[PDB]
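To begin, one chain is listed below as structure tokens, in the form deposited without the named molecule.
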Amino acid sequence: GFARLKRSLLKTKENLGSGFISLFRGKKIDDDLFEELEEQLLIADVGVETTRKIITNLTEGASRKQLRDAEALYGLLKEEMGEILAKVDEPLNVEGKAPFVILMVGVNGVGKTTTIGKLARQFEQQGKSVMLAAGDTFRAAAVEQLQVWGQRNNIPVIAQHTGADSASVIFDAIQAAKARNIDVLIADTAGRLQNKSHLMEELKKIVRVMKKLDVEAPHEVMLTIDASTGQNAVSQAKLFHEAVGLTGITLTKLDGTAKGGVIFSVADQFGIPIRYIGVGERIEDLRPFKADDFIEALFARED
């Protein structure tokens, strides 16, 4: 089962899931074992707080159930780590709005830009009309790239001059989307490192301005983070959630990285739905996140 996801997760499976089997084989359950397991979770980018919760719960469960052999910790870990992910399994539903507005937030990266295009194409294949808003207004190269992409894919892109006000660009885009019967408007935003107060004040202005057109907009505030950046994904999630209020997360680049364990930290620390995971280069490899498939792929040793 799940051979494709197992292949995407191959490097992560060295240390988590099926990777636990070689760690536990032949060992007794004692303090040394739990210290080694903690180290392995941390090396896998599970994060201090999520690791501590897992260890606390596993230690108490093994003690109360009077478990003897470390091999039995595998099934308990599958339950505990599986529950972490199941709590954030909720696919994005974009139906029935005029338009449904997705505000795309996160730092600048190939992940966010690529995710906009993949989602746009998926929605079009689903029969929806899409429009993009070039809200990263001071990055002229990024605006031009989005315009080129829309022209290549015959998807309209609303943009203004370099240095335009991002809230105004996005407002104008929502107006154009409403006027033109667009089903889904995907709004890009700035994601610059320097000066946090500026970025967060900009995002708050974008959201406030939309409300004159639709009190329900933005219908989704989606963060994009890159699994290969380890704890930077978690600190980015914390920054953006504290500032705007996320309703969904896309985690990219789960394939080919040994850092896939960060999904557990993101899930546990914030409790925000993980809408999509990026597990390859094709449009269709931005997959709706299914926690059960993911845990089975991660933990199963068969192919």
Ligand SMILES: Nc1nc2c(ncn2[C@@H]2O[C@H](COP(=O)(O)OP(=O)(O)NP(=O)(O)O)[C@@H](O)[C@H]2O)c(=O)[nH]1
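If you superpose the two forms and keep the largest set of C-alpha atoms that fall within 1.5 Å, you have the rigid core. Residue positions are given as counts along the sequence shown, with the first one as 1.
Engineer: Rigid core fitted first, then name the stretch among 156 to 164 and 102 to 110 whose C-alphas deviate most from the displayed form in 7 other deposited structures of this protein.
Structural biologist: Clearly, after the core fit, the stretch farther away in 7 other deposited structures of this protein is 102 to 110.
Engineer: Looking at C-alpha RMS in 7 other deposited structures of this protein with the core superposed, is it 261 to 269 or 46 to 54 that drifts more?
Structural biologist: Stretch with the larger root mean square C-alpha distance in 7 other deposited structures of this protein: 261 to 269.
Engineer: Which has the higher mean CA temperature factor in the PDB entry, 267 to 275 or 27 to 35?
Structural biologist: Here the higher of the two C-alpha B-factor means belongs to 27 to 35.
Engineer: If you average the Cα B factors in the entry, which is higher, 105 to 113 or 91 to 99?
Structural biologist: The deposited B-factors put 105 to 113 ahead on the C-alpha mean.
Engineer: So among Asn181, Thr189, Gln151, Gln122, who wins on Cα B-factor in the entry?
Structural biologist: Each of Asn181, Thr189, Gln151, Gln122 was compared by C-alpha B-factor; the highest is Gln151.
Engineer: Highest Cα B-factor in the deposition, which of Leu246, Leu42, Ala258, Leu251?
Structural biologist: Result of the comparison over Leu246, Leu42, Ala258, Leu251: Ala258.
Engineer: Mind checking which third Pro156 falls in for C-alpha B-factor across the chain?
Structural biologist: CA B-factor rank for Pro156: middle third.
Engineer: Ranked by Cα temperature factor within the chain, is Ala72 in the lowest third, the middle third or the highest third?
Structural biologist: Highest third - that is where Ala72 ends up once the chain's C-alpha B-factors are sorted.
Engineer: Looking at the entry's B-factor column for C-alpha atoms only, identify whether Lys196 ranks in the lowest, middle or highest third of its chain.
Structural biologist: Highest third of the chain for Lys196's C-alpha B-factor.
Engineer: Where does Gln147 sit by CA temperature factor within its chain: lowest, middle or highest third?
Structural biologist: According to the entry, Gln147 has a C-alpha B-factor in the chain's highest third.
Engineer: How does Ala141 rank on Cα B-factor within its chain, lowest, middle or highest third?
Structural biologist: As the PDB entry reports it, the C-alpha B-factor of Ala141 lands in the highest third of its chain.
The discussion below concerns the form deposited with the named molecule bound, not included here.
Engineer: Can you tell me whether the pocket in this form is open or blocked when the named molecule is overlaid from where it sits in the bound PDB entry, based on ligand atoms within 2.4 Å of backbone or C-beta (3 or more = blocked)?
Structural biologist: Blocked pocket: the modelled ligand, placed by site superposition, has 3 or more atoms clashing at the 2.4 Å cut-off.
Engineer: Looking at the partner-bound form in the bound PDB entry, is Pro218 within 4.5 Å of the named molecule by any heavy atom?
Structural biologist: No, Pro218 stays farther than 4.5 Å from the named molecule in the bound PDB entry.
Engineer: How about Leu16 - does it come within 4.5 Å of the named molecule in the bound PDB entry, if we only consider non-hydrogen atoms?
Structural biologist: No, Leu16 sits far enough from the named molecule in the bound PDB entry that none of its heavy atoms falls within 4.5 Å.
Engineer: For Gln122, is any heavy atom within 4.5 Å of the named molecule in the bound PDB entry, or not?
Structural biologist: Heavy-atom contact with the named molecule at 4.5 Å: absent for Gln122.
Engineer: Contact with the named molecule in the bound PDB entry for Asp255, defined as at least one heavy atom pair within 4.5 Å: yes or no?
Structural biologist: Close contact exists here: in the bound PDB entry, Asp255 approaches the named molecule to within 4.5 Å, heavy atoms only.
Engineer: Out of the stretches listed (20 to 28, 5 to 13, 276 to 284, 289 to 297), which one is close to the named molecule in the bound PDB entry, meaning heavy atoms within 4.5 Å?
Structural biologist: Selected range: 276 to 284.
Engineer: Please identify the residue among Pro156, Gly82, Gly230, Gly109 with any heavy atom within 4.5 Å of the named molecule in the bound PDB entry.
Structural biologist: Here the answer is residue option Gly109.
Engineer: Which of these residues, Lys178, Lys128, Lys97, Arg139, gets a heavy atom within 4.5 Å of the named molecule in the bound PDB entry?
Structural biologist: It is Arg139 that has a heavy atom within 4.5 Å of the partner.
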